[PDB]
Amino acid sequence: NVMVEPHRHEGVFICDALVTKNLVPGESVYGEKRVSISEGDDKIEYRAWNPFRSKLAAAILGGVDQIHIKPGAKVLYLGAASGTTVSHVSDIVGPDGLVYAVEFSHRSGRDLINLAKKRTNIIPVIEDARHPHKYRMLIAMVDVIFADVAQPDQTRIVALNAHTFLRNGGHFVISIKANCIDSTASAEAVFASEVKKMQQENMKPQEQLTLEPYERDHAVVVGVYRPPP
């Protein structure tokens, strides 16, 4: 009996629990449950991915079509916090991928640094994502921008990072908590307005979804960056 099944998204798996393949067998990051399966001399460990903590896990369980975070991908993660979701992104992209974890809080940054000691594919970048000129010499061009900065001007922030770091034809995945953008607008008005602003930065949404029952008035938007020459 095969207990843990590959999900439609490469590097993701189902166990109905979402899990990723643990890049650091034997270690939990935030108290999550681990599942190690041995058979003969073979062994593989997975980590449970809580959708009540991780917007990306909520989006995957909600039926998002693409996440673009895949094995081998180079990912610029804006708003990395203490590394909860980043750790699963690191699992997904694997040893040949890369995750830049941009977080401006020094306190959260210390959690990220501890997380990255074990994970060679995480680069902690403890900086303000509004000023990418300060860290641009550390960031090789990436395949995907994941953004969870929860700021009214986050589309402008993400776009500024896209213009500096995101390859033509690469993709973005943006988490949008509506009342962190404008708490006096409806969720629909916020999401419409952010989608519109993205299109004007040549960030073209390809799908969008909300995250009930895990989060209220919280969207994830996925799309493709198609900048001019």
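Throughout, rigid core stands for the largest set of C-alpha atoms superposing within 1.5 Å between the two forms. Numbering starts at 1 and runs along the sequence shown.
In summary, of the stretches 4-12 and 219-227, 219-227 shows the greater Cα distance from the shown form in 8 other deposited structures of this protein, with structures fitted on the rigid core. Using the rigid core as the fitting frame, the root mean square C-alpha deviation in 8 other deposited structures of this protein is greater for 143-151 than for the other of 143-151 and 77-85. Unmodelled stretch separating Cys15 from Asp16: 4 to 9 residues (count of deposited-sequence residues without coordinates). For the pair 26-34 and 157-165, the mean Cα B-factor is higher in 26-34. Per-stretch averaging of Cα B factors for 145-153 and 74-82 places 145-153 on top. Comparing C-alpha B-factors across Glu201, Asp182, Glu188, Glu194 in the deposited entry, the largest value falls on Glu201.
Among the modelled residues of the chain, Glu215 sits in the middle third by CA temperature factor in this PDB entry. When all modelled residues of the chain are sorted by CA temperature factor, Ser54 is found within the middle third. Sort the modelled residues of the chain by CA B factor and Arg110 lands in the middle third. Among the modelled residues of the chain, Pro95 sits in the highest third by CA temperature factor in this PDB entry. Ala178 sits in the lowest third of its chain by CA B factor, as recorded in the PDB entry.
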